[PDB]
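Since the structure comes first, as C-alpha cells, the remarks are kept for the end.
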Amino acid sequence: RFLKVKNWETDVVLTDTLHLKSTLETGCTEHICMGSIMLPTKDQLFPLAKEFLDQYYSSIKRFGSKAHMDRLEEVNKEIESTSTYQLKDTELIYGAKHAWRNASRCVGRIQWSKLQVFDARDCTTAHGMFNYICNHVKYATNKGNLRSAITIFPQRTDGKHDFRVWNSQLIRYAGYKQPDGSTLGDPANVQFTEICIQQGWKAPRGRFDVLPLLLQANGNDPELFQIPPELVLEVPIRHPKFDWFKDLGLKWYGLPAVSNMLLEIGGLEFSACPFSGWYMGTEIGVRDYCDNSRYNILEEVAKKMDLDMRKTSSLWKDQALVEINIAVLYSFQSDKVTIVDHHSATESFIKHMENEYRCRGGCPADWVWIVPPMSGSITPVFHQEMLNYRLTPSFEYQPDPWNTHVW
Amino acid sequence: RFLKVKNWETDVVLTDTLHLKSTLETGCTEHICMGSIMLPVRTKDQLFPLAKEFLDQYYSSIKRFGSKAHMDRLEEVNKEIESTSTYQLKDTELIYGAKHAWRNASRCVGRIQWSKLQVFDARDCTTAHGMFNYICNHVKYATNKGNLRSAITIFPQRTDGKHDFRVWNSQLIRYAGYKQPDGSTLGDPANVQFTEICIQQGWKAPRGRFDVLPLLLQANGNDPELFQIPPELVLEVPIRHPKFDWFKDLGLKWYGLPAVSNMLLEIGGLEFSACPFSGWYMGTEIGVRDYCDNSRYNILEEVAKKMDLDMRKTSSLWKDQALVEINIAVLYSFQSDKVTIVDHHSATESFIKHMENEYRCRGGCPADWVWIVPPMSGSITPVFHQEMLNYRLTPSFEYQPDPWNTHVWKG
Ligand code: HEM
Ligand code: HEM
Ligand SMILES: N#Cc1ccc(CCNCc2ccc3ccc(N)nc3c2)cc1
Ligand SMILES: N#Cc1ccc(CCNCc2ccc3ccc(N)nc3c2)cc1
Ligand SMILES: C[C@H](O)[C@H](O)[C@H]1CNc2nc(N)[nH]c(=O)c2N1
Ligand SMILES: C[C@H](O)[C@H](O)[C@H]1CNc2nc(N)[nH]c(=O)c2N1
Ligand SMILES: [Zn+2]
C-alpha cells in the first residue's frame, strides 16, 4: 500500500503515498495491464466539491478553519439550490494548475505552478470566444518568448449549452485528400478540414495552411474565425549543416495550444479550456514530421542525404531522424522561439519527480508517454520506474463535438 | 469478455479472447498501473490443478483432448503426485512446455521464432561437471559457427527447494567487471558483483576490459563450482564502423550468443530453476544498452569526441548522433563476420506480423509495450503505434532471486 519506485541507472528509490488519494480508475486489473491503450447530479456533485475544497484549504494551511467550513457550507447550499456551484477565482486558478500538475502523461510538469489563467467565464458568444482566444495566443506567444497559459470558458450546465472549441489545437495545418489518392498537408486533420469546408471555409489548398477556428458557444452552432496571421508565429526549418534542407519547404508553428480537452475541477466540467506551453522538439521532428500517417518525410530526407536505403540495417531512417530533429531545434533556437530538447526536458522531469515525491509524496506518471519517441534509453526517464494513477483536478478527453452536436 | 487493441498507424483493430485464460497477477489494480515497474517448495494441494491445466492444454494442441491417452495421463500424473509429491514430464510435454513458455513471454520481441527451439533434456544431470558438459554442448550447437540456432537446456526440476540446480551466471557468456580503488570500473559494471564472487571462489581474473566470465554451476543444492568455457567455443565479434576507420581503435568487441541463464521455467506447476536459453541479438541490445547505458560501458562521449560533434549543448543531439553510428557499427560488424543478428526495424516488423497471426490463430498475444519498443528510434518502428495487452500465461519464464542471496553454504 506504500509503493516504491526505483531508478535503475542511479539506484535512487522514492516512496509513493500520494496514490492512496487516487479516486478514478486506470483501465488495468489484477489480470491485465492496459498501460499502452491510448484511451482506456446533486448527490454526485457535493462529495466532489468537498474533496476539492478540502485539498484547496489544506494547500493554504486553513484546513479545518472557519473559512473552510463556511465555504463548504456555502457551496453545499448553492448545490442544493442551483444544482451546481461557482468557483472563486482563487479556486479556479488552483484547480487549473493542479490539473496540469496531475497530468501523468506530461513531461513538462516542472513548470506547473507558473501558469497564466485567463478567466473567460463571462463569455457568451463565439465572437467573444474568438477575442479571448486571440488574447491567449498573443499573450502566450510573447514574440517567441513563450509563456504557459490556459483560457477557461463557462462550465457545463445541462450539456445542451456546452462551450466547445472544435479544433484539436488552436494552431494546426489543414489536410486535404487528393484525387491522386494521396494527402496534401496534415493527414491528421483531413476530417476537420472537411468540416471547415462544409461550414464555409475557403481552403487555399496548400501544404501548410493554418486552419480557421471553429468556435461553439452556449450549445449553439459553431462559427469560423481566422486567427490574425500576425499572431501566428511560425518557424521555417533549416539544417545547420545541410543547405539543401531549406528546399524541403518545411515550417512549423511555435505555439502548441491544445483546445479539445475537458478540464474537471471539484466535479465541475469545463468543456472548452484551450491551454498552451511550448514544444519539446521531438513532437515536431519525430512525430509530426516522421510518423507514417503524418507528414512522413523520412524517405525524401534520406534521399537528399544519399543514404543506402536498400537495407533497414543501414539504419538510414535512424540517421535521417536525428538530422531532422537537429534542424527543428536549430531553427527554433535561431529564431528565438522557446523550445526544449528531449534530453533537457526529461532531465527536468526527473528533478520534478524528486521534488514531488519529497514535497507531495508522489507524482503520477505514464512511462509510455513520458519516454520520448526517439533515443529512449539515453534519456533518464527510461530507467525511471513510474506509477500511473488518476488524480483530480484533471484534464480528460471528450468526444469530438460533431459526433455529439445536435444541430 | 472481448478486448480490442488498435494500431494507430494502420487502424487495424484486433480482438483478444486469450486473456481469459490468465491466472497470474499483473501487479496492476483498477487504481494503479505498474506497467513500468521492473520486478512487480510447493504443496501437492496446489500442484494437481496446475498439472491438469497444463495437460489439458497440451492434449488440445495435439488434438487428443478427452482421449483415452489424455485421460490415462491425468490418472498417471495424479497417482504419481499423491505417491511422490511431484511428477515427471514426458519428453514431448517438456518440449511443448519450453516452447510455450517462450511463446508466452510478453516482453520478448523475437517470438515469431518460438516454434523453432532446440530443447536439450538435461534432467539426467547430477553434478556441476555434468552441467558444464551440457552447457558446452548447448553453446557449440547454438553458435553453429555464426549461424545461430535457438536452444534451451533443461536441468532437473526443483524438489524440496534444498536441492536446486542453478546456473549462477546471468548469461552463459558475459564480460567481467572490476571495481577500481579510484571508483572507476574496468569491464562491464553490470557484472561487478558476480565477478567478485567468481574471484572469491578461486577464479584468476585477467582483469581486462572484455574477460569472458567463468561458469559458476550449482547441482543438487551443493555449493557452486567454477569452470572455464573453452575459448574456441566462445564466438566474438570485433566492432568496426563501415565509414569510420578510427572506430576499430576504440577496442570494442562483443560475444555472439546471448544466452540467459538465471531465469526460472514453470511448466505444469513444476519449477526448472536452471534452464539456460539462447537466441540471437537484436542490434540495440548491444549498441544501445550494453555500450551506451551510463551504467554500462558508457562509450557515447568518447565516440562523440572522435566524430567531433558539438558536445557543449545537448540540443545539438550529439548523443543521438553518436548512438546511431554505434548501432550501425554493431550491425555492420556482425553481418560482416556472418554472425546472426537482427536490426530493430526488421525485428519489430516481424513481431507485428507474429502478433496479428497470434490474434487470429490463438485469440491474443500478451505483450509488454514498455519492453517491446526498442530503446532508440521508438516511434519509427511499428510497435510504438501498436496498442498491446499485457497478461500472464503458463508455461512461463519467471525471475528468481540471485542464488548467492539464498544459497545455504555447505562448506
Ligand atoms: C510548458 C512546456 C510544456 C512541455 C514541454 C510539455 C510537454 C508535453 C509533451 C511532450 C506531451 C506529450 C504530448 C504528445 O506526445 O502528444 C505532453 C502532454 C500533456 N500535457 Fe504537457 N507540456 C507543457 C505544458 C503543458 C501545459 C501548460 C499544460 C496544461 C495546463 C499541459 C498539459 C498536458 C496534458 C493534459 C498532456 C496529456 C496529453 C494527452 O493526454 O493527450 N502541458 N506535454
Ligand atoms: C531468436 C532470437 C531472439 C531475439 C532477437 C529476442 C529478442 C529479445 C529482446 C530484445 C528482449 C529484451 C531483453 C532486454 O532488453 O533485456 C527479449 C526478452 C526476452 N526473451 Fe527473447 N529473443 C530471442 C529469442 C528468445 C528465446 C529462444 C527465448 C526462450 C526460449 C526468449 C525468451 C525471452 C524472455 C523470457 C524475455 C524477457 C526477459 C526478461 O524479462 O528479463 N527469447 N527477447
Ligand atoms: N489519433 C490521435 C491522437 C493522437 C495524440 C493524442 C494526444 C495528443 N496530445 C497532444 C498534446 C497535449 C498537450 C501538450 C502540451 C505541451 C506540448 N508541448 N505538447 C502537447 C501535446 C490524442 C489522440
Ligand atoms: N538490473 C537489472 C536488470 C537488467 C536487465 C534485466 C532483464 C534482462 N533481460 C535480458 C534478456 C533476456 C532474454 C533475451 C532473449 C534474447 C535476446 N536476444 N536477449 C535477451 C535478453 C533485468 C534486471
Ligand atoms: C499505442 C501507443 O499507446 C501509442 O502509440 C502512444 C505511445 N506513446 C505515446 N507517447 C506520447 N508522448 N505521445 C503519443 O501519442 C504516444 N502514443
Ligand atoms: C524502469 C523501466 O521499466 C526499465 O528501464 C525498463 C524499460 N524497458 C525496458 N525494455 C527492455 N527491452 N529492456 C529493459 O531493460 C527495459 N528496462
Ligand atoms: Zn497496468
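Numbers restart at 1 for each chain; the letters A, B, ... are given by sequence-line order, proteins then strands. Heavy atoms only: backbone and side chains are in, while hydrogens, waters and symmetry mates are out.
- Neither the backbone nor the side chain of A/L20 has a heavy atom closer than 4.5 Å to any heavy atom of chain B.
- When each of A/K317, A/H342, A/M38, A/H383 is checked for heavy-atom pairs under 4.5 Å with chain B, A/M38 comes out on top.
- Looking at B/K21 and B/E53, no side-chain N of the basic residue comes within less than 4.0 Å of a carboxylate O on the acidic one, giving no salt bridge.
- Neither the backbone nor the side chain of B/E349 comes within contact range of chain A, judged by heavy atoms closer than 4.5 Å.
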Q | CA sep, side-chain torsions, deciding dist, call: A/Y357, A/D16, side-chain hydrogen bond (donor to acceptor under 3.5 Å, both in side chains) | A | CA-CA 7 Å; A/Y357 271 82; A/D16 192 287; 3.0 Å; yes
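- The residue among A/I37, A/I326, A/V340 with the most heavy atom pairs within less than 4.5 Å of chain B is A/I37.
- At a 4.5 Å heavy-atom cutoff, the contact between B/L323 and chain A is made by side-chain atoms alone.
- Here the side chain of A/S104 pairs no donor or acceptor atom with the backbone of A/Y389 at under 3.5 angstrom.
- Both the backbone and the side chain of A/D291 come within contact range of chain B, each with at least one heavy atom under 4.5 Å from a heavy atom of that chain.
- With a 4.5 angstrom heavy-atom cutoff, A/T23 touches chain B only via backbone atoms.
- When the candidates B/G27, B/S379, B/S346 are compared by the number of heavy-atom contacts under 4.5 Å with chain A, B/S379 comes out ahead.
- Within 6.0 Å of CD on B/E301 lie no more than 12 heavy atoms contributed by other residues, nucleotides or ligands.
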Q: Determine, step by step, whether B/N104 and B/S396 satisfy the side-chain hydrogen bond (donor to acceptor under 3.5 Å, both in side chains) criterion, reporting the C-alpha distance in whole Å, the side-chain angles of both residues, the deciding distance to 0.1 Å, and the verdict.
A: CA-CA 6 Å; B/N104 294 340; B/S396 72; over 6 Å; no
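- Interface summary for chain B: among A/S293, A/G376, A/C28, A/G35, the most heavy-atom pairs under 4.5 angstrom belong to A/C28.
- Taking the ring-ring contact (aromatic ring centres under 6.0 Å, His included) definition, one finds that A/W367 meets it with A/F382, sequence neighbours left out.
- Take B/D290 and apply the salt bridge (charged side-chain N to carboxylate O under 4.0 Å, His left out) test, not counting sequence neighbours, and it matches B/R296.
- A donor-acceptor contact shorter than 3.5 Å is absent between the side chain of A/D335 and the backbone of A/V337.
- Using a 4.5 Å cut-off between non-hydrogen atoms, the part of residues 310-318 of chain B that approaches chain A consists of B/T314, B/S315, B/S316, B/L317.
- In this structure, the ring of A/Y289 has its center less than 6.0 angstrom from the ring center of A/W252.
- Within a 6.0 Å sphere centred on CZ of B/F2, heavy atoms belonging to other residues, nucleotides or ligands number 12 at most.
- Of the listed residues (B/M376, B/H345, B/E30), the greatest number of heavy-atom pairs within a distance under 4.5 Å of chain A belongs to B/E30.
- For A/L39, the parts sitting under 4.5 Å from any heavy atom of chain B are the backbone and the side chain alike.
- Residues meeting the ring-ring contact (aromatic ring centres under 6.0 Å, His included) test with B/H241, sequence neighbours left out: B/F244, B/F247.
- Contacts between B/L24 and chain A at a heavy-atom distance below 4.5 Å involve the backbone alone (N, CA, C, O).
- Top candidate by heavy-atom pairs under 4.5 Å with chain A, chosen from B/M388, B/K4, B/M38, B/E25, is B/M38.
- Residue A/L329 touches chain B through its side chain alone, counting heavy-atom pairs closer than 4.5 Å.
- With a 4.5 Å cut-off on non-hydrogen atoms, B/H19 touches chain A through its side chain but not through its backbone.
- Using a 4.0 Å cut-off between charged nitrogen and carboxylate oxygen, A/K6 and A/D11 count as a salt-bridge pair.
- Checked by atom type and distance alone, the side chain of A/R109 pairs as donor or acceptor with a backbone atom of A/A103 at under 3.5 Å.
- Using a 4.5 Å cut-off between heavy atoms, A/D341 contacts chain B through its side chain alone, with no backbone atom that close.
- Most heavy-atom pairs under 4.5 Å with chain B, from the set A/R390, A/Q384, A/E323: that is A/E323.
- Closest approach of B/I326 to B/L300, counting heavy atoms only: CD1-CD2, 3.9 Å.
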